[PDB]
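Novice: Got a structure for you, questions after.
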Amino acid sequence: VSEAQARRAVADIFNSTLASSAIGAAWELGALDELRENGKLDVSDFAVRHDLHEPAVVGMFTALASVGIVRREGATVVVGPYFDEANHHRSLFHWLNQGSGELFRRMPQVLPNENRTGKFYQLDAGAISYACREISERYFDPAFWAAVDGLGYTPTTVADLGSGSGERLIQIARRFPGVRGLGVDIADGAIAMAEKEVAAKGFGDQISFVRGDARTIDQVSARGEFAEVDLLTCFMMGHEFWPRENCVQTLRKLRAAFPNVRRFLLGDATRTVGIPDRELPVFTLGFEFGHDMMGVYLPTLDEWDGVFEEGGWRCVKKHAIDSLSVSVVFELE
Amino acid sequence: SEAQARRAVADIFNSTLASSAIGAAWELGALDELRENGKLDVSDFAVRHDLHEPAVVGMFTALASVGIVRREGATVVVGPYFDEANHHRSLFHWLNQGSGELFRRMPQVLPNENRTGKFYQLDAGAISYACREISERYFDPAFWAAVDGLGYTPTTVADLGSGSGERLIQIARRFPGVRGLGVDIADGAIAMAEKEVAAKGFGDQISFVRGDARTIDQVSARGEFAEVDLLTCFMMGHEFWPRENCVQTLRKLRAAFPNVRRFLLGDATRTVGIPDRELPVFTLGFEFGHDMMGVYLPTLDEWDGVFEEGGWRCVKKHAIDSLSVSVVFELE
Ligand SMILES: Nc1ncnc2c1ncn2[C@@H]1O[C@H](CSCC[C@H](N)C(=O)O)[C@@H](O)[C@H]1O
Ligand SMILES: Nc1ncnc2c1ncn2[C@@H]1O[C@H](CSCC[C@H](N)C(=O)O)[C@@H](O)[C@H]1O
Ligand SMILES: C[C@@H](C(=O)C(=O)O)c1ccccc1
Ligand SMILES: C[C@@H](C(=O)C(=O)O)c1ccccc1
Ligand SMILES: O=C(O)[C@H](O)Cc1ccccc1
Ligand SMILES: O=C(O)[C@H](O)Cc1ccccc1
Ligand SMILES: [Ca+2]
Ligand SMILES: [Ca+2]
Ligand SMILES: [Ca+2]
Ligand SMILES: [Ca+2]
Ligand SMILES: [Ca+2]
Ligand SMILES: [Ca+2]
Ligand SMILES: [Ca+2]
Ligand SMILES: [Ca+2]
Ligand SMILES: [Ca+2]
Ligand SMILES: [Ca+2]
Ligand SMILES: [Ca+2]
Ligand SMILES: [Ca+2]
Ligand SMILES: [Ca+2]
Ligand SMILES: [Ca+2]
Ligand SMILES: [Fe+3]
Ligand SMILES: [Fe+3]
């Protein structure tokens, strides 16, 4: 390449950083929904309506425009050639930046081994939760509902491992009005958020929550309710069960603690293999590099496939997700 | 086409991690190792610097995802954009390690209701580490060209926003007799600069004082200002703004430094009309960053238009290559 080509490529990498951050912010502030409905927007009007500092609002749209996501026309912003694609994956940009940005920013301090004890990185939990709701819905739901449609029975008590916001249990209780639900989450803040949200939607008597580590599910006290659970779900946290030996034992413990579970629906993103560096798709690099930074194991799809029998489960159906890196839903029994 | 859009959006995502990795790779030693040898071994690098190797691999994968380096097994090689990205490594460091929190917290920083008190956070030590190389890499040519055209030998020099003290030191090395005086608003700045200066043996020659250069009249160091025959102010001048404040600050500086012959003022400025898809490195970060921080940023013609009211005359102006649109003015 020429020096001019390198110059353009490096300027684009710099601007991409600002656009990337802006995709999450623009989602969250309501701009991308406006642009997807009407195809355009007036930046002063948008700034007044949402009581935002207009000079910053101009930067945000400029940052998006600098890489072809939107176009600026006088007072107006219109959707650019990459709008649909960036909008589709906006929760992933949110996750990377608003949720995870401080991890990546602190690369020089996170990488040194002597630094890597106790609290050594900081995520924004609320922001991660904010993004995870759309990540679940947008990428996981169709496979999730296809698995639910093919259960071959009607659930009476469902337990969700890593229940977070409580939304999955709420949706299951809408599909199956008899159903009792039980969410396990390790984070007491998620427990508080979930109990609150469930109560406001009218489900406080049907759905309840317990703080607990699903890696040590054999220690969770939930008034003997686990024995009545006949459906188990776990989405977007199963990599936490790994390394392999930890995972085998966690699966057996799940198997013994939920002895009346018929189907166990397990959904997660996985570590890819042999994608060429210049062909990496959205998410993949951030998912893998981030967990490598945090010290968290990420299995491949073949590692999952290979653990289940030893774990006490049989995989009877598998669904490919489009495309949140390489992600899947397993139907286990 | 849907495929192009997919590739482009993936590139934007990956560029975020590469961007952050440039600064990190600088800081950690990897960029200089690649400069020397053109290549390096990942395991070796990790072991030498005692780094968690899975993360080190992701760092390089990040740089590789967009062409800065190329991976060949366990080896990393300089890539097509290595020279350009290394050249600008301090601007990535500034964008990410320095100012990343500001940009991450965009959703919280834009609402007016939240814009009171300390409503954004910068990493001051990181900013200072990037600004030190920014000074030397982008402003040195024009700064020294201005020094060469002074037409006198300075006896006492003052530097506003002296930071690390490096400018004073370098002046001292070029004009052995000279005395230096630095003024910085932050005690962090005063501390390092004072240590640095002693370590280098310039302790009698160069001293410092905490002070706000916007209100230079209330700086009770006073004594030596009258001696100063050269004033310098680099990468903070936009702090004097908005306009009316800048007029006052310039007049105050004129009157607090009456024997100053030349005043060398260098800074980056707000550009005008650059089309969005042709924005060069830094511009957008600098401008959008100052807009989120609520700080005024003048264009070059605002600066041109303020010196006379401010009590100075611009005798020579130097364009900079290219830190957005940057400039050094020679005022008297
Ligand atoms: N070992 C563990 N045991 C229980 N909960 C866990 C856990 N590790 C992570 N979590 C929880 O798992 C959640 C992952 S965020 C995704 C949540 C949810 N399954 C959904 O699809 O929306 C967080 O709430 C976190 O607190
Ligand atoms: N109003 C003000 N008065 C004095 N110093 C200021 C200031 N606003 C910012 N600064 C200082 O300006 C410096 C900016 S960065 C370092 C610039 C230095 N002139 C150089 O070329 O290397 C910081 O040390 C900061 O404390
Ligand atoms: C929730 C998140 C994750 O692993 C993390 O934030 O550590 C995640 C998991 C799976 C797909 C997308 C994001
Ligand atoms: C010091 C920095 C700046 O204004 C900031 O960090 O807010 C700066 C000024 C001018 C050129 C580059 C960086
Ligand atoms: O081994 C697999 O591919 C999956 O883990 C589950 C599966 C196995 C056999 C038939 C269907 C699904
Ligand atoms: O107005 C300008 O362009 C500069 O601020 C200073 C200058 C003016 C005239 C001749 C040289 C320099
Ligand atoms: Ca409009
Ligand atoms: Ca365009
Ligand atoms: Ca840092
Ligand atoms: Ca920390
Ligand atoms: Ca029912
Ligand atoms: Ca129980
Ligand atoms: Ca059974
Ligand atoms: Ca792609
Ligand atoms: Ca397989
Ligand atoms: Ca080698
Ligand atoms: Ca390449
Ligand atoms: Ca935020
Ligand atoms: Ca003062
Ligand atoms: Ca360019
Ligand atoms: Fe994770
Ligand atoms: Fe500034």
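Each chain in the structure tokens gets a letter, A, B, ..., in the order shown, and its residues are numbered from 1; ligands are numbered from 1 in order too.
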Got a sec to pull out which chain B residues are within 7 Å of chain A, counting only C-alpha atoms, and send them as a PyMOL selection string?
Specialist: chain B and resi 5-6+9-10+12-16+19-20+24+27-28+50-52+54-56+58+61+64-66+80-81+84-85+92+96-97+100+103-107+110-112+276-277+279-281+284+288+291-292
Novice: Considering only C-alpha atoms, return as a JSON list (two decimals) with N, CA, C and O atoms, in the first residue's frame whatever protein or nucleic-acid residues lie within 12 Å of residue 168 in chain A, sequence-local ones (same chain, fewer than 4 positions apart) excluded.
Specialist:
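Output file result-v3.json is given in full below:
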```
[["chain", "number", "residue", "atom", "x", "y", "z"],
["A", 132, "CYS", "N", -27.41, -7.02, 27.51],
["A", 132, "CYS", "CA", -27.80, -8.46, 27.49],
["A", 132, "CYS", "C", -29.28, -8.72, 27.20],
["A", 132, "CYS", "O", -29.60, -9.66, 26.48],
["A", 133, "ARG", "N", -30.16, -7.83, 27.66],
["A", 133, "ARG", "CA", -31.57, -7.97, 27.29],
["A", 133, "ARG", "C", -31.76, -7.99, 25.79],
["A", 133, "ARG", "O", -32.56, -8.80, 25.26],
["A", 134, "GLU", "N", -31.15, -7.04, 25.07],
["A", 134, "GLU", "CA", -31.35, -7.08, 23.60],
["A", 134, "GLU", "C", -30.52, -8.24, 22.98],
["A", 134, "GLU", "O", -30.89, -8.81, 21.95],
["A", 136, "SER", "N", -30.01, -11.24, 24.23],
["A", 136, "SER", "CA", -30.92, -12.42, 24.37],
["A", 136, "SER", "C", -32.04, -12.43, 23.38],
["A", 136, "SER", "O", -32.27, -13.41, 22.66],
["A", 137, "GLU", "N", -32.73, -11.30, 23.29],
["A", 137, "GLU", "CA", -33.92, -11.23, 22.45],
["A", 137, "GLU", "C", -33.56, -11.31, 21.02],
["A", 137, "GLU", "O", -34.23, -11.97, 20.23],
["A", 140, "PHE", "N", -30.75, -14.92, 20.51],
["A", 140, "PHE", "CA", -31.15, -16.20, 21.14],
["A", 140, "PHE", "C", -32.65, -16.60, 21.03],
["A", 140, "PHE", "O", -32.96, -17.79, 20.99],
["A", 141, "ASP", "N", -33.57, -15.64, 21.02],
["A", 141, "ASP", "CA", -35.01, -15.95, 21.12],
["A", 141, "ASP", "C", -35.53, -16.95, 20.12],
["A", 141, "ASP", "O", -36.27, -17.82, 20.50],
["A", 144, "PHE", "N", -34.39, -20.30, 21.09],
["A", 144, "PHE", "CA", -35.00, -20.56, 22.39],
["A", 144, "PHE", "C", -36.47, -20.99, 22.23],
["A", 144, "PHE", "O", -36.89, -21.96, 22.82],
["A", 145, "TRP", "N", -37.26, -20.23, 21.47],
["A", 145, "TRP", "CA", -38.70, -20.54, 21.30],
["A", 145, "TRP", "C", -38.88, -21.80, 20.48],
["A", 145, "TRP", "O", -39.77, -22.62, 20.78],
["A", 148, "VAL", "N", -38.42, -24.47, 22.98],
["A", 148, "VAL", "CA", -39.60, -24.57, 23.81],
["A", 148, "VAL", "C", -40.78, -25.25, 23.03],
["A", 148, "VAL", "O", -41.45, -26.11, 23.56],
["A", 158, "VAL", "N", -40.32, -24.18, 36.22],
["A", 158, "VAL", "CA", -39.10, -23.94, 35.44],
["A", 158, "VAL", "C", -38.05, -23.23, 36.31],
["A", 158, "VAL", "O", -38.38, -22.31, 37.05],
["A", 159, "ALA", "N", -36.79, -23.63, 36.18],
["A", 159, "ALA", "CA", -35.66, -22.91, 36.84],
["A", 159, "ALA", "C", -34.75, -22.36, 35.78],
["A", 159, "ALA", "O", -34.40, -23.04, 34.83],
["A", 160, "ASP", "N", -34.36, -21.10, 35.94],
["A", 160, "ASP", "CA", -33.47, -20.44, 35.00],
["A", 160, "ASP", "C", -32.14, -20.11, 35.73],
["A", 160, "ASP", "O", -32.13, -19.38, 36.72],
["A", 161, "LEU", "N", -31.04, -20.59, 35.20],
["A", 161, "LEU", "CA", -29.75, -20.41, 35.86],
["A", 161, "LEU", "C", -29.08, -19.17, 35.32],
["A", 161, "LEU", "O", -28.89, -19.04, 34.13],
["A", 162, "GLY", "N", -28.74, -18.23, 36.18],
["A", 162, "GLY", "CA", -28.24, -16.94, 35.68],
["A", 162, "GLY", "C", -29.35, -16.07, 35.19],
["A", 162, "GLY", "O", -29.29, -15.46, 34.12],
["A", 163, "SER", "N", -30.36, -15.97, 36.01],
["A", 163, "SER", "CA", -31.66, -15.44, 35.60],
["A", 163, "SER", "C", -31.63, -13.91, 35.29],
["A", 163, "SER", "O", -32.46, -13.43, 34.53],
["A", 164, "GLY", "N", -30.62, -13.20, 35.82],
["A", 164, "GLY", "CA", -30.42, -11.76, 35.52],
["A", 164, "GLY", "C", -31.69, -10.94, 35.79],
["A", 164, "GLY", "O", -32.18, -10.88, 36.89],
["A", 172, "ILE", "N", -41.78, -17.14, 29.86],
["A", 172, "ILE", "CA", -42.20, -18.50, 30.01],
["A", 172, "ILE", "C", -43.54, -18.55, 30.76],
["A", 172, "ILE", "O", -44.44, -19.31, 30.38],
["A", 173, "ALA", "N", -43.64, -17.82, 31.86],
["A", 173, "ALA", "CA", -44.92, -17.70, 32.56],
["A", 173, "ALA", "C", -46.07, -17.12, 31.67],
["A", 173, "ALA", "O", -47.24, -17.52, 31.83],
["A", 174, "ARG", "N", -45.78, -16.21, 30.73],
["A", 174, "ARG", "CA", -46.84, -15.82, 29.72],
["A", 174, "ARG", "C", -47.24, -16.94, 28.77],
["A", 174, "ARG", "O", -48.43, -17.16, 28.56],
["A", 175, "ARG", "N", -46.27, -17.68, 28.23],
["A", 175, "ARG", "CA", -46.54, -18.85, 27.41],
["A", 175, "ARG", "C", -47.30, -19.95, 28.18],
["A", 175, "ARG", "O", -48.24, -20.56, 27.62],
["A", 181, "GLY", "N", -42.04, -20.32, 38.40],
["A", 181, "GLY", "CA", -40.67, -20.10, 38.01],
["A", 181, "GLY", "C", -39.73, -19.78, 39.16],
["A", 181, "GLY", "O", -40.13, -19.19, 40.15],
["A", 182, "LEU", "N", -38.47, -20.13, 38.97],
["A", 182, "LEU", "CA", -37.42, -20.00, 39.96],
["A", 182, "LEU", "C", -36.15, -19.57, 39.26],
["A", 182, "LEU", "O", -35.68, -20.26, 38.35],
["A", 183, "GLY", "N", -35.62, -18.40, 39.61],
["A", 183, "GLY", "CA", -34.41, -17.89, 39.00],
["A", 183, "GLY", "C", -33.26, -17.99, 40.04],
["A", 183, "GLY", "O", -33.44, -17.62, 41.19],
["A", 194, "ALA", "N", -34.53, -8.30, 39.56],
["A", 194, "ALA", "CA", -35.51, -9.26, 39.09],
["A", 194, "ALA", "C", -36.78, -9.29, 39.95],
["A", 194, "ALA", "O", -37.91, -9.33, 39.41],
["A", 197, "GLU", "N", -38.90, -6.20, 39.16],
["A", 197, "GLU", "CA", -39.49, -6.25, 37.82],
["A", 197, "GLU", "C", -40.62, -7.27, 37.73],
["A", 197, "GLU", "O", -41.71, -7.01, 37.22],
["A", 198, "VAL", "N", -40.38, -8.44, 38.29],
["A", 198, "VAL", "CA", -41.43, -9.43, 38.37],
["A", 198, "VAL", "C", -42.69, -8.91, 39.11],
["A", 198, "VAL", "O", -43.83, -9.15, 38.65],
["A", 207, "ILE", "N", -43.39, -16.36, 40.28],
["A", 207, "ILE", "CA", -42.00, -16.44, 40.01],
["A", 207, "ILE", "C", -41.24, -15.98, 41.24],
["A", 207, "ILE", "O", -41.46, -14.90, 41.76],
["A", 232, "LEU", "N", -35.30, -26.82, 32.71],
["A", 232, "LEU", "CA", -34.17, -26.00, 33.17],
["A", 232, "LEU", "C", -33.65, -25.23, 31.98],
["A", 232, "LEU", "O", -33.52, -25.76, 30.85],
["A", 233, "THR", "N", -33.34, -23.97, 32.23],
["A", 233, "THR", "CA", -32.81, -23.11, 31.19],
["A", 233, "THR", "C", -31.54, -22.44, 31.68],
["A", 233, "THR", "O", -31.38, -22.18, 32.90],
["A", 234, "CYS", "N", -30.63, -22.19, 30.75],
["A", 234, "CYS", "CA", -29.40, -21.47, 31.08],
["A", 234, "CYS", "C", -28.88, -20.81, 29.85],
["A", 234, "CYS", "O", -28.44, -21.44, 28.93],
["A", 235, "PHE", "N", -28.92, -19.49, 29.82],
["A", 235, "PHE", "CA", -28.49, -18.73, 28.63],
["A", 235, "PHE", "C", -27.39, -17.73, 28.93],
["A", 235, "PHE", "O", -27.51, -16.91, 29.86],
["A", 236, "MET", "N", -26.33, -17.77, 28.12],
["A", 236, "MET", "CA", -25.31, -16.71, 28.11],
["A", 236, "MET", "C", -24.42, -16.69, 29.35],
["A", 236, "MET", "O", -23.84, -15.66, 29.65]]
```
Novice: Contacts between ligand 4 and chain B, please, where a residue of chain B counts if it comes within 10 Å (with only C-alpha atoms and all ligand atoms); show its shortest atom pair and distance in Å to one decimal, rows by chain and ascending number, as a tab-separated table.
Specialist:
```
residue	atom	partner	partner_atom_place_in_ligand_line	distance
B:90	CA	ligand 4	12 (C)	9.4
B:91	CA	ligand 4	12 (C)	7.8
B:94	CA	ligand 4	6 (O)	7.2
B:95	CA	ligand 4	6 (O)	8.8
B:98	CA	ligand 4	6 (O)	7.5
B:99	CA	ligand 4	6 (O)	7.2
B:122	CA	ligand 4	6 (O)	8.2
B:123	CA	ligand 4	6 (O)	9.4
B:124	CA	ligand 4	6 (O)	8.5
B:126	CA	ligand 4	6 (O)	9.7
B:127	CA	ligand 4	6 (O)	6.0
B:128	CA	ligand 4	1 (C)	7.6
B:130	CA	ligand 4	13 (C)	8.2
B:131	CA	ligand 4	1 (C)	5.8
B:132	CA	ligand 4	1 (C)	9.1
B:133	CA	ligand 4	12 (C)	9.9
B:134	CA	ligand 4	12 (C)	6.4
B:135	CA	ligand 4	12 (C)	7.8
B:138	CA	ligand 4	11 (C)	8.8
B:139	CA	ligand 4	11 (C)	9.0
B:161	CA	ligand 4	1 (C)	9.7
B:163	CA	ligand 4	1 (C)	9.7
B:234	CA	ligand 4	10 (C)	7.7
B:235	CA	ligand 4	10 (C)	4.1
B:236	CA	ligand 4	9 (C)	5.9
B:237	CA	ligand 4	9 (C)	8.4
B:238	CA	ligand 4	4 (O)	7.6
B:239	CA	ligand 4	4 (O)	7.9
B:266	CA	ligand 4	10 (C)	8.6
B:267	CA	ligand 4	10 (C)	5.4
B:268	CA	ligand 4	10 (C)	4.9
B:269	CA	ligand 4	10 (C)	7.9
B:282	CA	ligand 4	12 (C)	8.3
B:283	CA	ligand 4	12 (C)	9.7
B:285	CA	ligand 4	13 (C)	9.8
B:286	CA	ligand 4	13 (C)	7.3
B:287	CA	ligand 4	4 (O)	9.4
B:289	CA	ligand 4	7 (O)	7.5
B:290	CA	ligand 4	7 (O)	6.8
B:293	CA	ligand 4	7 (O)	8.5
B:295	CA	ligand 4	7 (O)	8.8
B:297	CA	ligand 4	4 (O)	9.2
B:323	CA	ligand 4	11 (C)	7.4
B:324	CA	ligand 4	11 (C)	8.8
B:325	CA	ligand 4	11 (C)	9.8
B:326	CA	ligand 4	11 (C)	7.8
```
Novice: Would you output that residue set with N, CA and C atoms, as a compact mmCIF listing (two decimals), in the first residue's frame?
Specialist:
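The resulting file, out15.txt, is shown below:
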```txt
# COMPACT_ATOMS: atom_id res chain seq x y z
N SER B 90 0.57 7.90 19.98
CA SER B 90 0.21 8.71 21.16
C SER B 90 -1.23 9.26 21.05
N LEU B 91 -1.75 9.41 19.85
CA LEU B 91 -3.14 9.87 19.65
C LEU B 91 -4.16 8.78 19.99
N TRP B 94 -3.95 8.61 23.85
CA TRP B 94 -4.80 9.71 24.27
C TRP B 94 -6.34 9.43 24.17
N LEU B 95 -6.76 8.90 23.03
CA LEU B 95 -8.17 8.57 22.76
C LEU B 95 -8.66 7.50 23.72
N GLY B 98 -6.13 7.53 27.86
CA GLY B 98 -6.36 8.84 28.46
C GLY B 98 -7.82 9.20 28.65
N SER B 99 -8.56 9.23 27.53
CA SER B 99 -9.93 9.80 27.43
C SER B 99 -11.07 8.81 27.24
N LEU B 122 -11.23 11.67 33.37
CA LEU B 122 -10.08 11.38 32.51
C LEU B 122 -9.07 10.67 33.36
N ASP B 123 -8.15 9.97 32.72
CA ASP B 123 -7.05 9.37 33.44
C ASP B 123 -5.85 10.32 33.27
N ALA B 124 -5.56 11.10 34.31
CA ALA B 124 -4.62 12.20 34.21
C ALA B 124 -3.21 11.71 33.93
N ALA B 126 -2.40 9.04 32.37
CA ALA B 126 -2.37 8.50 31.03
C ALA B 126 -2.33 9.63 29.99
N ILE B 127 -3.18 10.64 30.17
CA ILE B 127 -3.18 11.87 29.37
C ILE B 127 -1.76 12.48 29.35
N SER B 128 -1.16 12.63 30.52
CA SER B 128 0.16 13.19 30.66
C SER B 128 1.21 12.34 29.93
N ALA B 130 0.61 10.39 27.28
CA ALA B 130 0.44 10.62 25.84
C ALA B 130 0.89 12.04 25.42
N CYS B 131 0.56 13.04 26.23
CA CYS B 131 0.86 14.43 25.82
C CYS B 131 2.33 14.68 25.74
N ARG B 132 3.11 13.96 26.52
CA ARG B 132 4.55 14.14 26.45
C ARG B 132 5.06 13.81 25.04
N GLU B 133 4.56 12.74 24.43
CA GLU B 133 5.03 12.37 23.06
C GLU B 133 4.31 13.20 22.03
N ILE B 134 3.04 13.53 22.29
CA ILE B 134 2.35 14.43 21.39
C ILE B 134 3.19 15.71 21.19
N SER B 135 3.63 16.33 22.28
CA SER B 135 4.46 17.56 22.19
C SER B 135 5.61 17.41 21.24
N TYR B 138 4.55 16.12 17.29
CA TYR B 138 3.79 16.99 16.39
C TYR B 138 4.21 18.47 16.47
N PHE B 139 4.57 18.98 17.65
CA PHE B 139 4.88 20.39 17.83
C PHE B 139 6.37 20.76 17.75
N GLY B 161 1.63 26.05 31.40
CA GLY B 161 1.13 24.69 31.31
C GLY B 161 2.34 23.81 31.11
N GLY B 163 3.62 21.22 32.42
CA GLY B 163 3.53 19.75 32.55
C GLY B 163 4.78 19.12 33.13
N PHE B 234 1.97 25.80 25.11
CA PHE B 234 1.79 24.70 24.14
C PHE B 234 0.73 23.71 24.60
N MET B 235 -0.25 23.47 23.74
CA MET B 235 -1.30 22.47 23.96
C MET B 235 -2.27 22.74 25.09
N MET B 236 -2.35 23.99 25.54
CA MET B 236 -3.38 24.39 26.52
C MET B 236 -4.10 25.70 26.18
N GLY B 237 -3.73 26.37 25.08
CA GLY B 237 -4.20 27.68 24.83
C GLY B 237 -5.70 27.81 24.73
N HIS B 238 -6.37 26.75 24.26
CA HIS B 238 -7.84 26.71 24.12
C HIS B 238 -8.54 26.82 25.47
N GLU B 239 -7.84 26.39 26.52
CA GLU B 239 -8.25 26.63 27.90
C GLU B 239 -8.54 28.16 28.20
N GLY B 266 1.41 27.63 20.84
CA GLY B 266 1.10 26.50 19.96
C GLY B 266 -0.05 25.70 20.52
N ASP B 267 -0.98 25.29 19.65
CA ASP B 267 -2.10 24.44 20.04
C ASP B 267 -2.77 23.81 18.81
N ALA B 268 -3.65 22.84 19.05
CA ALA B 268 -4.59 22.31 18.04
C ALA B 268 -5.81 23.19 18.09
N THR B 269 -6.55 23.23 17.01
CA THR B 269 -7.69 24.09 16.84
C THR B 269 -8.89 23.33 16.24
N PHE B 282 -7.29 12.04 14.78
CA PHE B 282 -7.34 12.99 15.91
C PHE B 282 -8.48 13.98 15.87
N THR B 283 -8.68 14.61 14.74
CA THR B 283 -9.66 15.68 14.63
C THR B 283 -10.97 15.41 15.38
N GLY B 285 -11.83 13.06 17.55
CA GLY B 285 -11.66 12.83 18.97
C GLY B 285 -11.47 14.11 19.74
N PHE B 286 -10.60 14.96 19.23
CA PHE B 286 -10.28 16.22 19.88
C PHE B 286 -11.56 17.09 19.94
N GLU B 287 -12.20 17.31 18.81
CA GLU B 287 -13.33 18.18 18.79
C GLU B 287 -14.52 17.61 19.59
N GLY B 289 -14.48 15.30 21.80
CA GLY B 289 -14.14 15.24 23.23
C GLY B 289 -14.36 16.54 24.01
N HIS B 290 -13.97 17.66 23.41
CA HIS B 290 -14.11 18.97 24.06
C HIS B 290 -15.51 19.44 24.13
N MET B 293 -16.96 17.64 26.98
CA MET B 293 -16.46 18.21 28.24
C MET B 293 -16.99 19.65 28.50
N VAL B 295 -15.98 22.34 27.05
CA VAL B 295 -14.89 23.30 26.87
C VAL B 295 -14.88 23.88 25.44
N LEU B 297 -13.61 25.37 21.96
CA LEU B 297 -12.44 25.13 21.08
C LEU B 297 -12.47 26.07 19.88
N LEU B 323 -1.59 17.27 13.02
CA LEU B 323 -2.29 17.01 14.18
C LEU B 323 -3.53 17.84 13.89
N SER B 324 -4.49 17.24 13.17
CA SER B 324 -5.72 17.94 12.82
C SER B 324 -5.27 19.27 12.20
N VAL B 325 -5.86 20.43 12.56
CA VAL B 325 -5.28 21.72 12.17
C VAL B 325 -4.63 22.31 13.40
N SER B 326 -3.31 22.17 13.47
CA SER B 326 -2.52 22.72 14.57
C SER B 326 -1.65 23.86 14.07
```
Novice: From a DSSP calculation on the backbone, collect every residue of range 27-99 of chain B in strand (DSSP E or B) and output the set as a ChimeraX atom specification.
Specialist: /B:39-41,51,69-72,75-78
Novice: Those same residues - C-alpha atoms - I'd like them written as a PDB file, in the first residue's frame.
Specialist:
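Result went into out15.pdb, see below:
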```pdb
ATOM      1  CA  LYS B  39       8.830  -9.186  14.071  1.00  0.00           C
ATOM      2  CA  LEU B  40       8.494 -10.791  17.439  1.00  0.00           C
ATOM      3  CA  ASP B  41       7.555 -14.084  19.138  1.00  0.00           C
ATOM      4  CA  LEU B  51       2.211 -10.931  30.898  1.00  0.00           C
ATOM      5  CA  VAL B  69       0.522  -6.405  12.270  1.00  0.00           C
ATOM      6  CA  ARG B  70       0.246  -9.865  10.753  1.00  0.00           C
ATOM      7  CA  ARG B  71       0.387 -13.148  12.680  1.00  0.00           C
ATOM      8  CA  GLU B  72       2.386 -16.116  11.250  1.00  0.00           C
ATOM      9  CA  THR B  75       5.197 -14.918  15.431  1.00  0.00           C
ATOM     10  CA  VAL B  76       3.968 -11.342  14.874  1.00  0.00           C
ATOM     11  CA  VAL B  77       5.232  -9.324  11.924  1.00  0.00           C
ATOM     12  CA  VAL B  78       4.818  -5.626  11.039  1.00  0.00           C
TER      13      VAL B  78
END
```
Novice: If I take atom 22 (O, counted along the ligand's line) of ligand 1 and CA of residue 165 in chain A, how far is one from the other in Å, to one decimal?
Specialist: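 Separating atom 22 (O, counted along the ligand's line) of ligand 1 from CA of residue 165 in chain A is a distance of 6.4 Å.
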Novice: Hey, what's within 12 Å of residue 29 in chain B if we count only C-alpha atoms and toss same-chain stuff fewer than 6 positions away? As a list in words, please?
Specialist: residues 108 of chain A; 21, 22, 23, 35, 36, 40, 45, 46, 48, 49, 51, 56 and 86 of chain B
Novice: Extract, using only C-alpha atoms, all DNA, RNA and protein residues at most 10 Å from residue 239 in chain A, discarding same-chain residues fewer than 5 positions from it, and format them as a short mmCIF file (atom, residue, chain, number, x, y, z; two decimals) with C-alpha atoms, in the first residue's frame.
Specialist:
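File part_29.cif, as written:
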```cif
data_model
loop_
_atom_site.label_atom_id
_atom_site.label_comp_id
_atom_site.auth_asym_id
_atom_site.auth_seq_id
_atom_site.Cartn_x
_atom_site.Cartn_y
_atom_site.Cartn_z
CA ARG A 244 -13.68 -28.97 31.40
CA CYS A 247 -17.89 -28.27 33.84
CA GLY A 267 -27.63 -21.39 25.10
CA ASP A 268 -24.24 -19.64 24.75
CA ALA A 269 -21.68 -18.05 22.53
CA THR A 270 -18.52 -20.13 21.97
CA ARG A 271 -14.79 -19.61 21.13
CA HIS A 291 -12.69 -13.37 28.48
CA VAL A 296 -12.35 -16.83 32.00
CA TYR A 297 -12.30 -20.04 29.96
CA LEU A 298 -14.34 -20.12 26.75
CA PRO A 299 -15.01 -23.49 25.24
CA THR A 300 -15.44 -24.21 21.63
CA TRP A 304 -19.41 -28.51 24.61
#
```
Novice: Got a sec to check which residues lie within 9 Å of ligand 13, using only C-alpha atoms and all ligand atoms, and send them as a PyMOL selection string?
Specialist: chain A and resi 230+258-263+333
Novice: How would the residues just chosen look if you wrote them out with C-alpha atoms as a PDB file, in the first residue's frame?
Specialist:
```pdb
ATOM      1  CA  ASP A 230     -39.211 -30.052  35.162  1.00  0.00           C
ATOM      2  CA  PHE A 258     -32.889 -31.148  39.396  1.00  0.00           C
ATOM      3  CA  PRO A 259     -33.785 -34.872  39.167  1.00  0.00           C
ATOM      4  CA  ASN A 260     -37.214 -34.250  37.599  1.00  0.00           C
ATOM      5  CA  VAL A 261     -35.919 -32.053  34.795  1.00  0.00           C
ATOM      6  CA  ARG A 262     -36.790 -33.459  31.476  1.00  0.00           C
ATOM      7  CA  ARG A 263     -35.302 -30.908  29.093  1.00  0.00           C
ATOM      8  CA  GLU A 333     -31.976 -34.523  28.582  1.00  0.00           C
TER       9      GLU A 333
END
```
Novice: As a VMD selection string, please: every protein or nucleic acid residue near ligand 7 (cut-off 12 Å, counting only C-alpha atoms and all ligand atoms).
Specialist: chain A and resid 34 to 35 37 to 46 72 to 79
Novice: Report the closest atom pair, with its distance in Å rounded to one decimal, for each residue of chain A that has an atom no farther than 7 Å from ligand 10; count only C-alpha atoms and all ligand atoms, sort by chain and then rising residue number, and write it as CSV.
Specialist:
```
residue,atom,partner,partner_atom_place_in_ligand_line,distance
A:119,CA,ligand 10,1 (Ca),5.4
A:120,CA,ligand 10,1 (Ca),4.3
A:121,CA,ligand 10,1 (Ca),3.9
A:122,CA,ligand 10,1 (Ca),4.7
```
